[PDB]
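In: got the complex split up, this is the first portion:
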Amino acid sequence: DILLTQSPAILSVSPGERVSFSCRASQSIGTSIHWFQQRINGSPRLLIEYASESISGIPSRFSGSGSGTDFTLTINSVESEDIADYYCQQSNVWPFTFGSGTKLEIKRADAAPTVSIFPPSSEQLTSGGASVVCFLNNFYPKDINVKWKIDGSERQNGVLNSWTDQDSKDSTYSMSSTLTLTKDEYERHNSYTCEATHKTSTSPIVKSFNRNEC
Amino acid sequence: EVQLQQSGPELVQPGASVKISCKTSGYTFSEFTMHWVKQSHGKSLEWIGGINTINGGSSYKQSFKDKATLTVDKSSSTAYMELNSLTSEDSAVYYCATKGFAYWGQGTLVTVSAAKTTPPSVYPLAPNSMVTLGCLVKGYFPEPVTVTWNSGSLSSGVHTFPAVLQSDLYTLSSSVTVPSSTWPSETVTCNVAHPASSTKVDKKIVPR
């Protein structure tokens, strides 16, 4: 079968720049190559057809080139909503094969997060559980470290984090952080804090609450 | 307008089968060959096979021979892919596509697991000058889950975070930021939905 190898895997770039995706074929396949864009949670979207022939309804910044083994997709002026996975696909001989993929990331100025802490609801306390949530919204760069503190002491275990995808419009990230204790442990400590160390500030941003004072 | 409407989320036992349908409309069904693609959660696409939409003749990649079976109902303009002897390796998103991959379906998430379905427990979360509310959807299986606010009214300024697995059960959260003057003067309800368990909870965010 025809093997397609794409490069690079990750393609971090600022808006306005001229970016280029590479796709090399194991055999010589003429111009039987097609490019697809896949945004997160979405279906693939045909951008370029047969090396360089353009598809109707696709922005003009997307162009293609090449013949034989090497092929190239190029974005004239990259925009924030171009964040996606990009795949090449050959149609020279069946089975159809796709490339390993290239991920387009967008560079951005630094933005501090909006930290928000939340107590466990009265519903969850009835069930015998105690989850403390801590959102950190709209920040860049992605690298961020949330530190949970229960009455001063750090909490190592029982922590689950999840970053959002890079935003299509503003290219910022957001994170949720969940500390999950038992009902007996939560009902045995006053203060709860999630401090967040980030590049945007020297000292960490700290939101906190007491379960006594609603 | 061209529309490929697939059957939607499936959870199946190991060794069991599943039949994904792709109801098409907005074009001549018999004009184009229908292709089927698989995407693993590692994000790598893979052509399963194609089926001729006039005579029902199908062609498969060597890997999916015996695994996959393409069929067609020409009257209803529908393509069916049946998967059998399902293992954990078969868990992925499956796409129907047509007209040389110009039109795709929305995808069908197939999950292969002996773990049973568990409905989510929805918990509300509440605390320049602008409130941020939350919604904790904890302990459910399988994916996916649809979270919205006030029946999808509050669309903008919403962050729904990717779910994460911890001990055979998923956990997801969502966030919404609205003017502090418009809460709790106006209502804000978290509208969660888990199709697999037929759950549809609506939790109002009470001031705490």
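Out: Yep, that arrived. Residues are numbered from 1 along each chain as shown, chains lettered A, B, ... in the order given.
In: alpha carbons only for contacts and neighbour counts from here, please
Out: Fine.
In: end-to-end on stretch B:100-114?
Out: 37 Å (CA to CA, to the nearest Å).
In: Around chain B, pick out the residues from chain A.
Out: Proximity of chain A to chain B (CA under 8 Å from any CA of the partner chain) is limited to residues A:42-46, A:95-101, A:116-121, A:123-124, A:133, A:135, A:160, A:162-164, A:174-176, A:214.
In: Swap in 6 Å and give it another go.
Out: By CA under 6 Å from any CA of the partner chain, the residues of chain A that approach chain B are A:43, A:46, A:95, A:96, A:118, A:164, A:214.
In: Out of these, which two sit at the greatest distance?
Out: Pairwise distances across the residues of chain A next to chain B (CA to CA) peak at 62.8 Å, for the pair A:95 and A:214.
In: more neighbours, the two?
Out: The neighbour comparison of residue A:95 against residue A:214 (other CA atoms under 10 Å in any protein chain shown) goes to residue A:95, with 19 against 9.
In: What sits closest to the more buried one if chain neighbours are left out?
Out: Of all residues not flanking residue A:95 in the chain, residue B:61 sits nearest, at 5.9 Å (CA to CA, 6 or more residues apart in numbering or on different chains).
In: What count of nearby residues applies to that neighbour?
Out: Residues lying near residue B:61 (other CA under 10 Å) number 15.
In: what do you get for residue B:146?
Out: Counted with other CA under 10 Å, residues neighbouring residue B:146 total 12.
In: for residue B:178, same thing?
Out: Residue B:178, neighbours per other CA under 10 Å, totals 17.
In: Quick check on the residue nearest in space to the middle of chain A: phi, psi?
Out: When CA atoms, centre = their mean is applied to chain A, the residue found nearest the centroid is residue A:165 (3.3 Å). For residue A:165, the backbone dihedrals (degrees, to the nearest 10) come out as phi -70, psi 160.
In: Same question for residue B:33.
Out: According to degrees, to the nearest 10, residue B:33 has phi -70, psi 140.
In: end to end, how far does stretch B:99-106 reach?
Out: The stretch stretch B:99-106 measures 16 Å between its terminal residues, going by CA to CA.
In: Any residues of chain B in contact with chain A? List them.
Out: Residues of chain B found near chain A (CA under 6 Å from any CA) are B:47, B:61, B:102, B:106, B:125, B:126, B:127, B:161, B:208.
In: one more time with 7 Å, if that's ok
Out: Neighbours of chain A within chain B, by CA under 7 Å from any CA of the partner chain: B:44-47, B:61, B:102, B:104, B:106-107, B:123-127, B:161-162, B:208.
In: Which among those count as buried?
Out: For the residues of chain B next to chain A, a burial check counting by 16 or more other CA atoms under 10 Å in any protein chain shown picks out B:45-47, B:104, B:106-107, B:123-127, B:161-162.
In: returning to that earlier point: show me just the buried residues among the residues of chain A next to chain B.
Out: Among the residues of chain A next to chain B, those classed as buried by 16+ other CA under 10 Å are A:43, A:46, A:95, A:96, A:118, A:164.
In: Okay, and which of the residues you listed map to strands?
Out: A:46, A:118 (DSSP state E).
In: Tell me the buried residues in the longest helix along chain A?
Out: Counting residues, the longest helix found in chain A (DSSP state H) is helix A:122-127. The neighbour-count check on helix A:122-127 (16+ other CA under 10 Å) flags A:124, A:125 as buried.
In: List the neighbours of that helix that are in contact with it.
Out: Contacting residues not belonging to helix A:122-127 are listed as A:130, A:183, B:123 [CA atoms under 7 Å, 6 or more residues apart in numbering or on different chains].
In: rerun at 10 Å
Out: A:129-131, A:182-184, A:186-187, B:121-124, B:138, B:208 (CA atoms under 10 Å, 6 or more residues apart in numbering or on different chains).
In: add one more, call it chain C:
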Amino acid sequence: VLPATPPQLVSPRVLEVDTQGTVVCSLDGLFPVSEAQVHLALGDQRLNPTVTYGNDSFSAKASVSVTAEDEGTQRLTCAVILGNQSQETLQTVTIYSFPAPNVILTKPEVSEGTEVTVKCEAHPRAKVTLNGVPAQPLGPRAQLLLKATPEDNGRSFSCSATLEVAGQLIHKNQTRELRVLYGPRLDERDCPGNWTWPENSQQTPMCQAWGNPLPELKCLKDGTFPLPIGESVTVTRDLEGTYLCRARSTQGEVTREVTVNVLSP
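Out: Next up, chain C placed on what we already have:
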């Protein structure tokens, strides 16, 4: 006695031609109600209201059809006389004629690559938009030029019009599909030009042609040796060679070479 309060009259501010309206008129605090006469009318047309009575009141509900002869600003009135006294309520109602926009195509079915122009005309005072063009409606008619392509086959051309009547925007729209015939195509993705199969193996050769109308397909080598498209056949040395696939329809004719290569075991 008849009270100093006038009757309450409920009716829409506007009413389309050849459509049925609904008017209700009511009053409380009058007696004897049986002696009360209620006269309901829209302009010259005397309405016939079905009246519901209380001991001290009446509720008169009446349908009202309107035609081209009613077009313009008519006066809906509800008079109530009770012996020597009388109270009446007046309300204006504008009867408007607003036909649906006429989306008109030069030709309903056209060939590929032809200059098709889509127009939409409407009411003179109304403002139209053809598939969201122009954005924010301006003037009673809009155009749209297009080079016809296969993707335009079955493409809907919607036209939305808005008419200002008695200080409120009335909305209507119309939709018409274009039919576009386009010659046969043997696209590579649905008909590849190169196969390589092992001898004595089960294979299905695949090739579908595109076109409106659906093209008829036939692949032959060495004169009249058919390639069984769609069928699952045992691959032999007899199937080896270059086939000439020919797609055929009323819009033209296309060919593609498909080579079958048999690998010996």
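In: what do you get for the contacts of helix A:122-127 once chain C is counted?
Out: Residues outside helix A:122-127 that contact it (CA under 10 Å, 6+ apart) are A:129-131, A:182-184, A:186-187, B:121-124, B:138, B:208.
In: Quick check: strands, which of these are part of them?
Out: In strands, defined here by DSSP E, the members of the contacts of helix A:122-127 are A:129, A:130, A:131, A:182, B:121, B:122, B:123, B:124, B:138.
In: The helix or strand hosting residue C:253 near chain A at all?
Out: Per DSSP states H and E, residue C:253 falls inside strand C:252-263. No - using CA under 10 Å from any CA of the partner chain, strand C:252-263 never reaches chain A; the gap is at least 11.1 Å.
In: gap between residue A:168 and residue A:78?
Out: 12 Å.
In: so what sits against both of the two?
Out: Jointly contacting residue A:168 and residue A:78 under the rule CA under 10 Å, 6+ apart are residue A:106.
In: Between these two, which has more neighbouring residues?
Out: Neighbours per residue, other CA under 10 Å: of residue A:168 and residue A:78, the larger number sits with residue A:78, 20 against 15.
In: Tell me how far that one lies from residue C:95.
Out: For residue A:78, the distance to residue C:95 (CA to CA) stands at 55 Å.
In: ok now the longest helix of chain A, how far from the chain's centre?
Out: Put simply, helix A:122-127 sits 33 Å off its chain's centre (CA atoms, centre = their mean, to the nearest Å).
In: Kindly report the same for stretch A:77-97.
Out: Relative to the chain's own centre, stretch A:77-97 is displaced by 18 Å; criterion: CA atoms, centre = their mean.
In: before we move on, what about stretch A:114-134?
Out: Taking mean C-alpha positions (CA atoms, centre = their mean), stretch A:114-134 and its chain are 26 Å apart.
In: Now do it: distance from first to last residue.
Out: End-to-end distance for stretch A:114-134: 10 Å, by CA to CA.
In: Count the residues that sit near the one residue in the stretch 101-250 of chain C that gets nearest to chain B.
Out: Closest contact between the stretch 101-250 of chain C and chain B, by CA to the nearest CA, is at residue C:230 (4.0 Å). Residue C:230 has 21 neighbouring residues, counting by other CA under 10 Å.
In: got a list of what the closest residue to it other than its chain neighbours touches?
Out: Once flanking residues are discounted, residue C:230 sits nearest to residue B:57: 4.0 Å by CA to CA, 6+ apart. Residue B:57 makes contacts with B:33, B:50-51, B:70-72, C:204-206, C:229-232, as judged by CA under 10 Å, 6+ apart.
In: now with 7 Å?
Out: B:51, C:230, C:231.
In: Check those against chain A and report the nearest one.
Out: Nearest member of those to chain A, counting by CA to the nearest CA, is residue B:51, at 12.8 Å.
In: Give the next helix or strand downstream of the helix or strand that residue A:86 is a member of.
Out: With elements taken from DSSP H and E, the one containing residue A:86 is strand A:84-90. Per DSSP H and E, the first helix or strand lying C-terminal to strand A:84-90 is strand A:97-98.
In: Neighbouring strands - and their directions - for that following strand?
Out: Looking at strand A:97-98 with DSSP bridges, its partner strands are strand A:84-90 (antiparallel).
In: Name the residues that touch the strand it pairs with?
Out: Outside strand A:84-90, the residues touching it (CA under 7 Å, 6+ apart) are A:23, A:32-40, A:96-99, A:101-104.
In: Pull out the buried members of those.
Out: Using 16+ other CA under 10 Å as the burial test, these include A:23, A:32-39, A:96-99, A:101-104 as buried.
In: which residue packs closest to residue C:205, ignoring adjacent ones?
Out: residue C:229 (5.2 Å).
In: Double-check residue C:43 against residue C:73; I have them as touching.
Out: No - look at residue C:43 against residue C:73 with CA atoms under 7 Å: they stay out of range, at 8.9 Å.
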